[PDB]
Structures are given as structure tokens and as C-alpha cells.
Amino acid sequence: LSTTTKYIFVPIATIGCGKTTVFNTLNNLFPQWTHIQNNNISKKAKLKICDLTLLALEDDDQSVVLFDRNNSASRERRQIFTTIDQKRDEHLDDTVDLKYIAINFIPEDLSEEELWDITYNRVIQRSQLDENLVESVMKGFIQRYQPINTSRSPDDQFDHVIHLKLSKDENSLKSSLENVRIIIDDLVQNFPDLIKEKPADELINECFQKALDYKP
């Protein structure tokens, strides 16, 4: 109306960390949020994910973009900050305040061995030349992975970091469901004007079930 705040949720992740499951759950809970999936964008598309992000924040209707891309490498985070900062005046007036929230999918203390075991088994459970290609692309995102470091450029440009968990499921609780709850609780504490009514636990569970059973 006079000063509007918008949010870009940026994962730091590798393949199969649950980015899309977490973001689909959130979008099921919050239909007005915009989930942009880098995987669904043609690498010969005119508008790339940073362009679509700014387009999806133009209307007063639109306040959250779920930026669904791995960003395992530091330079991929730097691309987001620089590109959006350079182009935001093409589409947004000066009353719009943009906040970058990092969603960290890979805990500081997780070994590369455990990261691989968890994500590789998730991905195989969802053409042997096919499998070797999948394994090799997954290894490339892990090879390039540089943990978040808000003490140095570029991660010091994040306004906030939400730290997620990454474990084998225990006590029949999927870690992505736990992470959805972590994000919602963090937002209601740290950005109370974003989520008005904290959704009921039953609704979160059902929105997660929908995302989990989604078969593209």
C-alpha cells in the first residue's frame, strides 16, 4: 500500500535434498506464494529463473517466491543477489523491500558420505546408462557444493537463514515434513507479518502428504 516487503526463499542444497517436496508443501499451504522450478525452465528460454522471480513479485498479490534451484556453489548464490539487485528497478518501484531468506538443506556437520547415502537412495527409489547419468549429475552438484558462510561474500547478503535437518526418516517422520514445520515456526517467529494464521498441524500433514505422493 505504501511499503511492501517481498521474500525470495533460496535453497542451498544438492539433488534430492527435498527442495521440491518442501516447496510444494509450502505452496499447498500458501497458494498465493509462487514456486519457480529451475528444472522446468528451458535452457533456451527467454526469461530465466531470476527474470521469472522479479515478474512474480510485481503485483501486490505476490509477495513470496520459492526459488527452486540447488545453489550448491557459492557463485550460484552470488548470481541471485547480483542479478536481482541489478534488475529489480526494471519492475519494482522504490517502495518494495526485498528480503533474501536462505533455506539451508545440508547441515554443517553432515558428512559427504551421509549426504550421498541419503540423497542417492531417495533419488534411485523414485536405462542403466540413464542411472549412470543421474549418479554423475548428482556427483557434480556435490563436487561443487560450498557450505553457506554468512561471514563472507556472497552469503553475507542473506537477511536470514533457516537451518533444516537432513537424516534418514525416524519414528515414521519424514525429514522434509520436519523441515516444513521448522520453516513455518521460524517464519512466524522472525517474520510474523508474513504468515497470518499458522496452519493447523493436520493441514500441514495433508499438504505434505500431497507433495510426498506427487508423481510428476
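Just count from 1 along the sequence shown to find any residue number.
- Missing coordinates between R126 and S127 amount to 4 to 9 residues of the deposited sequence.
- As listed in the deposited structure, the average C-alpha B-factor of 43 to 51 and of 143 to 151 is greater for 43 to 51.
- Mean CA temperature factor is higher for 57 to 65 when stretches 173 to 181 and 57 to 65 are set side by side in the entry.
- Listed residues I15, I12, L194, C207 were ranked by CA B-factor as deposited; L194 comes out on top.
- Between the residues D94, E113, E76, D109, it is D109 that shows the highest Cα B-factor in the PDB record.
- Annotation for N71: CA B-factor lies in the lowest third of the chain's modelled residues.
- Ranked against the other modelled residues of its chain, the C-alpha B-factor of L1 as given in the entry falls in the highest third.
- The deposited CA B-factor of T83 belongs to the middle third of values across its chain.
- In this PDB entry, the Cα temperature factor of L133 sits in the top third of its chain's modelled residues, the highest group.
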